[PDB]
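> part one of the complex, untouched from its place in the assembly:
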Amino acid sequence: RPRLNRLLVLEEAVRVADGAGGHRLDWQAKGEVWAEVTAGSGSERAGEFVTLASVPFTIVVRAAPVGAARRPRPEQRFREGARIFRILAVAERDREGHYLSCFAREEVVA
Amino acid sequence: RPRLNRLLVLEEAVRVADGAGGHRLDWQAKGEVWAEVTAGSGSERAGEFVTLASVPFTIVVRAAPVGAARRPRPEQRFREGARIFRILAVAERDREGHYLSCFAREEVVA
Amino acid sequence: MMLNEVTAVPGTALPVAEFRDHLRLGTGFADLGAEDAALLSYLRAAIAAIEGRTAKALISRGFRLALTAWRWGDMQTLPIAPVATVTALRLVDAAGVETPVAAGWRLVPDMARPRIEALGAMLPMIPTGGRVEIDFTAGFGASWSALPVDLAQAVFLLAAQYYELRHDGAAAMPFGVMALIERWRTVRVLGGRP
Amino acid sequence: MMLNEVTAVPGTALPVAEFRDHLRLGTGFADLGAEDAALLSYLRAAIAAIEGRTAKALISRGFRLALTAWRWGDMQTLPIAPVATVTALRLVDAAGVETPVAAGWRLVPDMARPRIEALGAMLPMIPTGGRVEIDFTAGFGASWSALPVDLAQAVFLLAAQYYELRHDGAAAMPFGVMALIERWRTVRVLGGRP
C-alpha cells in the first residue's frame, strides 16, 4: 500500500467566462493533500516552439466520493512550490477504493 | 477469481428511428449488475475540441447466454451514479465461462 | 438404527431469495428467475453437507429412527441432535402389529446429548425379531429465521462455493466454513464398550 | 461371493436433465452443446466411483449375493450398505435343485452393518458344494430425488470433473468430493479372525 510523503497543494481554477465563450482561469488554491509521486520514464517532448521536458509521475492520493472537495478532478492541477503537476486522469488505484492514481506531466520548458 | 464489489447500473438505449435513418437513443436503465472495476494506465486524449480524460477500466461481471438480459452487449453502457462507463467489448474472461471482461473508458471532459 | 426422514424440507422454507442476494446475481432484471432451479439445488447440497459434519438438522423436518436393540440399557442417545417433542416410540412386533407405547419414557433435551432416558429403569422391551421405530421431529426451527445465524452463514459460505466452482478445482478465512461449523460438531471421546 | 448386479440402472432414472443444469445453468456459455448420452456415461462413471469408495448403492438396484460358506455362525454382514427387503434366500445344491427358504432369518436393516442375523443360533446351513444365494434390493430410493443430497452433490462434483477434463491432468476444496464421501464410507477396524 502506498507510503504518502509529499505535500501537494491542490489547485482548482474558477472559470470566469469571457464574452466569446472562453472561460478565464484563475487557479485559486484548494486544500492540500498528501501523496506519493512515482516517476515514469521521462524524455523531452516537442511543444509548440518549446522543447518541453515531461515525465509521467503517477501520483497517488486518498479517495473520496465524487461530489467531495478532496477528489482531484482532472480539471485541477497539483502544485508543489513552483512545480505544477497537471492531472491527466484519476483512476481509483486500490481494490477496496482507498487510493486514487492520478497522472501528471511536470512540463518544464527547459 | 474476481472479487465483485461495485454496483453498476447497466443501461440499454432503445433506438427510436428518425426519418433520416438515424436512431435516437434514450438510455433507459436496465437491471443492476455487480462488478469489479480494475483501472488501466490513464491519460488525457484529444477529442473533437475537448481534451477528454480517459482510463481503460477493465470491468468484470458474471456471465449469461448471449440471448439473456444479464449480458452486457457492447451496445450498452454502465453507469455508477454520474460516471458513465462505455462498453468497448465483452470477452468471457474465465476459462469455465463464469466471468466476462468488459472494457470501458470513463471519458470525462476535464 | 436406520434413521431415515419421514418428510423432506418443503423447499419454500429455504431462503432462495436471500441466497440470491448473497451471491450478487443482479437486482432489477426482468428475467430474475433463471437460477431458481439451481440455487436451491446447492442450498440443499450445502445443508446436507453441514448436517453430516455437525450432526444437526436445521429445518426441523420429521424423522423416523427404526432400531432393533437398545444401545445401552436405558439411555438411547438419538443421532440428530437438536430435538423437541418425540412423537411416537411405536413398538413394532416380529411381524405386523404396531402398538404405540407411552411406556414411561422421557425426553432429555440437549444440543449435545439428546437422550430418550426411561424412568422405569428399563425402556420398553423389544419383541425378539422386531424393531422399535421412534418418530421425532428434530431441528432448530420451522423457518429459516429460527436458526443460529452463524450456522446459517456457514451454509451461505458453502453453497456460494458450489455455485462459483462446479468441479473439484482447488482454490484461510478467520471464521471460514469450517470455523463456524466447529462449535456445532459433536465432541466425543468414547471408543469403549459403554 | 460373486455379487453381480441382477439389473443395472435404466439410465432414465439418472438426472441427465439435472446434470446439464449442474454443468452450466445460471452462468455459462449458453446451454451450449453437450453429447447427451455422453453426459449419461460420466454420471455412471462417477456413481460407480462413489459406489465403490462408500460401498453404497444410490439407485436401489437389485443384487444377487451368492457365496459358499457363512462367515460367522449367524451374522452375515451384507456389503452393499443401504438395504431393504431380501427378495429371496434361495439355496441351491451342488446339482441345482434350488430349494428356497422362507423363514429362519430376519434381515436387520442398517446403514452401518446390514445383516441377516438368523433367529436364535441356527442360520440355514449350506449343502456341500451347493452355494447359498441371497437376492436383495439395496439402495436409497428408486428415483434420484430420494438420495441424501450431500452424496448426490459428490456425484455432481465428480461427474463434472470427468466432463471438464478428459485425460489424467493435474489441477483442496473444503467440502470437495472427498469430504462429502467420508461420512458414507465404511469404518472398519477388524483385521482379525472374526
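In hand now; what should we look at? Numbering: from 1, shown residues only, chains lettered A, B, ... in the order given.
> which stretches of chain A form strands?
A:6-12, A:15-17, A:23-25, A:28-38, A:43-46, A:51-54, A:58-62, A:77-80, A:83-86, A:99-101 (DSSP state E).
> residues from chain C in reach of chain B?
C:24-32, C:34, C:164-166, C:171 (CB under 8 Å from any CB of the partner chain). From N, CA and C alone the C-beta is placed, and that goes for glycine too.
> let's go with 7 Å and repeat that
Within chain C, the positions near chain B by CB under 7 Å from any CB of the partner chain are C:24, C:26, C:27, C:28, C:29, C:30, C:31, C:164, C:166.
> from chain C, which residue is nearest to chain A?
At 15.7 Å from chain A, residue C:24 is the closest residue in chain C, using CB to the nearest CB.
> how many other residues sit next to residue 3?
In the absence of a named chain, chain A is used. For residue A:3, the neighbour count with other CB atoms under 10 Å in any protein chain shown is 6.
> wait, chain C was what I had in mind.
Around residue C:3 there are 16 residues (other CB under 10 Å).
> which residues touch it?
C:63, C:65, C:79 (CB atoms under 7 Å, 6 or more residues apart in numbering or on different chains).
> from those residues, which land in strands?
C:63, C:65.
> if you rank the contacts of residue C:3 by neighbours, which is first?
Of these, with other CB under 10 Å as the count, residue C:63 tops at 24 neighbours.
> centre of the chain to stretch C:165-173, how far?
Centroid displacement of stretch C:165-173 relative to its chain, using CA atoms, centre = their mean, to the nearest Å, is 26 Å.
> go on, stretch A:55-66?
The mean C-alpha position of stretch A:55-66 is separated from the chain mean by 8 Å, CA atoms, centre = their mean.
> and chain E on top of that:
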Amino acid sequence: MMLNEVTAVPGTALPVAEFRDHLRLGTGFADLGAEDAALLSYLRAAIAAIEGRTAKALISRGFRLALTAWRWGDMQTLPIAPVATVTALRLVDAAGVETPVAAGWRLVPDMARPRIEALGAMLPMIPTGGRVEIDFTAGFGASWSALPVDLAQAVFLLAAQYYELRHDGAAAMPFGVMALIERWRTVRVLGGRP
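The block that follows adds chain E to the chains above:
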C-alpha cells in the same frame, strides 16, 4: 440443557447505520449501494460467530436455561457469561405444575464464571423427571453503545469480511479479529469430574 433464546435481537438494536460507516466512510467509492437488510444479515452472522467463540452475549437478550440435573452440589456455572438479574428459577415437575422459587439462591455475577451458588449447601432439588428451568438476561447492555469497543470492533472486522468476499476465498493483522477476541474467551483447564 437446551438453552434456547427466548427472544432474539430486534434488529433495530444493531448498528446498521454505523456499520455502513465502518464499511465505507471517509474513504471509498461514495456511500455506494449496499442492500441494507443484507448488511443486517452479516452483522447477525458476525455476532453469532463471536458469541460462540467467546461465550458472551453482546446485546443482552433473554435466555432460558432448562437443564435436568445440577452438576455440582450448589455451584451451577452459567455458560453465557455477562449476566444480570435471574428473571425466574421456576421449577417444573414431570407433569408441568411449574412451581417457581423466589429464595434460596443468590446469583453471583461475574464476567468469568457466573454462578447460581445457593445459600449454604442447599440448592433447590429437582423433581424426578421435572426439569429445573432458569430464565435469565445475559449480555452487556441494551444498545450497541454499551459494549466494550474492542469487542465491537471484532464484529466490524468480521462482518465487513463477510461483506467483502462471499465464498470461502483465501487472502496476520496485529490486533485482528482473533486477537481482539482472546481476552473475552473462556479460559478453562478442567476436563475432570468436578
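> again for the neighbour count of residue A:3, since chain E is there now?
6.
> that one contacts residue A:36, doesn't it?
Yes: applying CB atoms under 7 Å, one finds residue A:3 in contact with residue A:36, separated by 6.0 Å.
> and the helices in chain C?
For chain C, helices defined by DSSP state H occupy the ranges C:16-22, C:36-53, C:149-164, C:177-181.
> residue B:41: which of those helices is closest?
helix C:149-164 (30.1 Å; CB to CB).
> all the strands of chain C, residue numbers only.
Under DSSP E, chain C gives strands at C:4-5, C:62-67, C:83-88, C:91-92, C:98-99, C:132-138.
> okay if I get those as a markdown table plus distance to residue E:158?
Putting the strands of chain C into a markdown table (distance: least, CB to CB, whole Å) gives the following:
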| stretch | distance to residue E:158 |
| --- | --- |
| strand C:4-5 | 34 |
| strand C:62-67 | 34 |
| strand C:83-88 | 31 |
| strand C:91-92 | 50 |
| strand C:98-99 | 51 |
| strand C:132-138 | 30 |
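> as a quick check, tell me the outermost residue of chain C.
Among residues of chain C, the one most distant from the C-alpha centroid is residue C:30; the distance is 36.6 Å, by CA atoms, centre = their mean.
> circling back to that earlier point, which of the helices of chain C is buried the deepest?
Across the helices of chain C, the average number of neighbours (mean count of other CB atoms under 10 Å in any protein chain shown) peaks for helix C:149-164, which reaches a mean of 24.
> would you confirm that residue A:5 contacts residue A:37?
No: if you go by CB under 7 Å, residue A:5 and residue A:37 don't touch, sitting 8.6 Å apart.
> higher neighbour count, those two?
Set residue A:5 next to residue A:37 and count neighbours by other CB under 10 Å: residue A:37 wins out with 20 against 9.
> and then chain F:
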Amino acid sequence: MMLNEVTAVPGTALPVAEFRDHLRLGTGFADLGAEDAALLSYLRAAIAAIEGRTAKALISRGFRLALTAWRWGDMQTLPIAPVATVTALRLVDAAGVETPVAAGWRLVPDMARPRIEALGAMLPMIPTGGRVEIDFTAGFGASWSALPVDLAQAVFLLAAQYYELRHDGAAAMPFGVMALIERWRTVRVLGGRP
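Following on from the chains above, chain F is added here:
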C-alpha cells in the same frame, strides 16, 4: 468481581484533531469534518484494544468494582492498574442497605500492583450473600496530554491501522504496536493458590 465503568470517556477528551494530523487526511479543505464521526470510532476501538492487552486505563474514567469474596485475606489487588484516590468501598448488604465504610483500608499506589491492603490485618467483612463494590478512578490523567507518549503512540499506530484496512486483511517495525505495549503489560508468574 465484575469491574464495569461508571462513566465512559467524554469523547471530546480524545485527540481526534491530532489523529487527523497523524493519518494525513488533508490540510485546508472546506469540508474537514466528514471523518469526525468515524475517527473517534477507531480511537475508542484502539484504546480498548490496548486497555485489555496492557490492563491499563489511559483516560482516568471512574470504575465500579463489584465483588463478593476477597481474593486474599487482606490484599485485594485491583485489575485496572494506574489508580489514584479510591473513592468508596461501600459495603452493600444481602439486599438493599448500602453503608459506605472508611473501615481502615489503605491504598498502595503502583502501576504493577495497585493493592487496597488493609491496615487492621483484615479488610471489612462481607455480609454473607452481599457484594462489596469499590468505586475508584483509575488512569494516567484526565486529558490526552497526561499520558505516557509511547503508549499514546501505540494508539496512533493501531487506530491508523483500523482506518487504513477495514476487514481482516493481512499485511516488523523496531518499535511497532506490540513493542511499545510490552512495557505496559502485566508480567505475572503465579498460577498458584495464593
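> quick check: closest non-adjacent residue to the residue farthest from the centre of chain C.
Leaving aside its chain neighbours, residue C:30 sits nearest to residue B:69 (5.9 Å; criterion: CB to CB, 6 or more residues apart in numbering or on different chains).
> need the contact list for that neighbour.
B:30, B:31, C:29, C:30, C:31.
> quick one, what contacts the residue most central in space within chain C?
A centroid search over chain C (CA atoms, centre = their mean) returns residue C:57, at 2.1 Å, as the residue closest to the centre. The contact partners of residue C:57, taken as CB under 7 Å, 6+ apart, are C:51, C:80, C:82, C:138, C:139.
> got the phi/psi numbers for it?
phi -120, psi -50 (degrees, to the nearest 10).
> any chance of the contacts of residue C:57 in a markdown table, with distance to chain E too?
Formatted as a markdown table, these follow (distance: CB to the nearest CB, whole Å):
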| residue | distance to chain E |
| --- | --- |
| C:51 | 18 |
| C:80 | 15 |
| C:82 | 8 |
| C:138 | 12 |
| C:139 | 12 |
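> from those residues, which would you call buried?
C:51, C:80, C:82, C:138, C:139 (16 or more other CB atoms under 10 Å in any protein chain shown).
> got the contact list for the fourth one?
Contact analysis of residue C:138 by CB under 7 Å, 6+ apart lists C:57, C:60, C:63, C:80, C:82, C:83.
> can you name the two of those residues that are farthest apart?
C:63 and C:82 (11.6 Å).
> spell out which residues of chain A are next to chain B.
A:66, A:74, A:75, A:88, A:89, A:91, A:92, A:93, A:101, A:103.
> drop anything exposed from these.
By 16+ other CB under 10 Å, those give A:74, A:88, A:89, A:91, A:92, A:93, A:101, A:103 as buried.
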